[PDB]
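Single chain ahead, written as structure tokens, the form deposited in one PDB entry.
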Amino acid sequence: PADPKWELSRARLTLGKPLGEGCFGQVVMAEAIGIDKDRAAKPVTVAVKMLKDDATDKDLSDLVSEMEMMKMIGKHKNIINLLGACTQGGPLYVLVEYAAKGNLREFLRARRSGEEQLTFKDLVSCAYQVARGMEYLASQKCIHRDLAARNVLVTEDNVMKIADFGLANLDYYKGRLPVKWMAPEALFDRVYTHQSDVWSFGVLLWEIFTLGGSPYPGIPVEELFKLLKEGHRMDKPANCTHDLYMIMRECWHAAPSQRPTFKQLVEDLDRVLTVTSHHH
């Protein structure tokens, strides 16, 4: 189906090197000229998603549905945005924003030391940006279902971009279930809400302030649910302020209705940024 407003000429795309394997599908980096049609030949580095060589008809419909979902959700500075597609005269290419610094977990773990060592204010800024992206997704009735630092990408300009949204019988056996990021009611029922996303955001906050730590260190998966239901929660990360830990703890309220909304989390993290600039 034709959609000129999103179509890019193949002649203006130069496909480049692949970007890793098996987590966001078959992705390659590319140079695209004239994405914005009012900017003449302005060059832009992009990430391209395409089908595998042995792809089935269902795989094509899946990628087309993912593309249509990106068109419907709309644009926001803190999500991986759709820039356009090559749908005519060749294989399907879905162009999205390129994030040079990789996923947030690896970005954090590489900046624990060295000249590019992240400051406390940089970590608060990262959390604020992810909350803004999630506030946007929730406003568009989109539940992420897998919010975690591994699913946030970082641009050359350190902009946080939520990725792995859009795409999203369990009782029969045929990426494992992300149990350590799941709200107790999500673990229990295997149902997701914006409120279970807020719990996941709390775990992501803990990932940010531990600079990529692994949640619930030392807890066997068979003990996790009982402990969370009894009120067990992760301890405050070292160097983390009491206020930020209270935000994490409110994200992890046992009652989904008592957790903050993403709109409230944006406000709370904006407050923490202000108070951080005063205690230094």
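When you see a residue number, it is the position in the sequence shown, counting from 1. In this text, rigid core is short for the largest set of C-alphas that superpose within 1.5 Å between two forms.
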{"query": "Across other compared entries, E115 missing in at least a third", "finding": "yes"}
{"query": "Residues of the deposited sequence left unbuilt between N169 and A168", "finding": "4 to 9"}
{"query": "Where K174 meets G175 in the shown sequence, the number of deposited residues left unmodelled", "finding": "4 to 9"}
{"query": "Greater mean Cα temperature factor according to the PDB record, 96-104 or 196-204", "finding": "96-104"}
{"query": "Which of 45-53 and 216-224 has higher mean CA B factor, as the PDB entry lists it", "finding": "45-53"}
{"query": "Member of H242, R249, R39, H232 with the greatest C-alpha B factor (per the PDB record)", "finding": "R39"}
{"query": "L118, C-alpha B-factor rank within chain (lowest, middle or highest third)", "finding": "highest"}
{"query": "Ranked C-alpha temperature factor of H253 among modelled chain residues, by third", "finding": "lowest"}
{"query": "Where the record places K180 (Cα B-factor, split into thirds across the chain)", "finding": "lowest"}
{"query": "Record-listed C-alpha B factor of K161: chain third", "finding": "middle"}
{"query": "Record-listed C-alpha B factor of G133: chain third", "finding": "lowest"}
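If you look for the form deposited in another entry, you will not find it shown, but the lines that follow are about it.
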item: Mobile residue between this form and the one not shown, C-alpha criterion 2 Å or more, rigid core, from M234, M248, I35, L211; value: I35
item: C-alpha of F262 off by 2 Å or more between this form and the one not shown on rigid core; value: no
item: Cα displacement of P91 between this form and the one not shown reaching 2 Å, rigid core superposed; value: yes
item: Comparison of CA distance in that other deposited form with shown form for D146, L63, at least 3 Å; value: closer
